[PDB]
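Every number here is computed from the coordinates shown, using simple stated rules; none is lab data. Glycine also receives a Cβ, built like all others from the backbone with ideal geometry; neighbour counts cover every protein chain displayed.
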Amino acid sequence: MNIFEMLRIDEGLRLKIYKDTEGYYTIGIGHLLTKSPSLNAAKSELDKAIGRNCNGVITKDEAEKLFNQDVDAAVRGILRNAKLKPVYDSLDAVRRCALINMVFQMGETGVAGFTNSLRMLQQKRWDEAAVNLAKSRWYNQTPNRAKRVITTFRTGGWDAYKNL
């Protein structure tokens with residue numbers, strides 16, 4: 001299992017503009033287009049993103065292209081972030097995937113706000129950090145997904161994703 005397969009289980013694949021769990025306009029493999037309420041604003045962002053007139057619909061190909069950019073940007077943002085980098089560097093390969101996943105879903109900023117859990121992950125207090133992560137909007141709003149990511153940090157292996 002790797003970061004791409006993991007994210008694709010969590011995000012799914014949709015070739016037509018759709019709404020987030022949050023009600024936001026998205027396409028592909030969890031590529032948010034806009035937080036704006038107009039389908040029109042979304043369409044426009046789409047065409048800007050792809051470089052063509054898409055009319056709200058893309059190919060598999062275009063979806064995976066966006067996905068590769070988004071993963072790359074997530075990793076690079078972690079690496080550039082003063083709060084994130086140290087945790088990232090301290091973690092093993094599997095756990096590193098779980099932090100990348102959070103960053104992808106919620107953005108650098110969002111994750112960087114989980115101060116106490118970051119601290120615990122750095123210290124390698126796996127069970128404590130899992131209980132602290134669960135105490136969030138994130139877990140309450142998307143519990144099955146949060147719980148997959150959490151098991152990942154807890155265990156250090158891919159079991160939450162075996163099932164799936």
Give me the angle, in degrees from 0 to 90, between the Cα long axis of helix 143-155 and the longest principal axis of the Cα atoms of the chain, rounded to the nearest 10.
-> 40 degrees
Packing-wise, with mean Cβ within 10 Å as the measure, how do 152-161, 12-21 rank, highest first?
-> 152-161, 12-21
Answer rounded, prolate or oblate for the range 76-164, using the Cα gyration tensor with square roots of eigenvalues a ≥ b ≥ c: rounded when a/c is under 1.5, else prolate when a/b is larger than b/c, else oblate.
-> rounded
FRET E, pair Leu13, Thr142, Förster distance 25 Å, beta-carbon r, rounded to 0.05 = 0.90
Helix-only mean residue ellipticity at 222 nm for the chain, each DSSP H run of n ≥ 4 adding -39500 (n - 2.57), per residue, nearest 500 = -19500 deg cm²/dmol
What list of ³J(HN,Hα) values in whole Hz, one per residue of the range 82-92 in order, does the Karplus curve 6.51 cos²θ - 1.76 cosθ + 1.60 (θ = phi - 60°) give from phi, with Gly and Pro shown as x?
-> 5, 8, 8, 3, x, 5, 3, 5, 6, 8, 7
For the chain: relative contact order, % (alpha-carbon pairs under 8 angstrom, 6 or more apart) | 17 percent
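For the chain, what Kirkwood radius comes out of the mean inverse Cα-Cα distance, in Å? Kindly include the intermediate steps, with their values, before the conclusion.
Values: mean 1/r = 0.0605 Å⁻¹.
One decimal place: 16.5 Å for the Kirkwood radius.
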Among 50-61, 31-42, how do they line up from the highest to the lowest mean number of other beta-carbon atoms within 10 Å?
-> 31-42, 50-61
Full extension from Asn2 to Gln123: what is 0.36 nm times the residue separation minus their Cα-Cα distance, to one decimal in nm?
-> 41.1 nm
Between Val131 and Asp92, what is the label-to-label distance in nm when each label sits 7 Å out along the Cα-to-Cβ direction?
-> 2.2 nm
How much length is gained on full extension from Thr109 to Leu39, taking 0.36 nm per residue of separation minus their Cα-Cα distance?
-> 22.6 nm
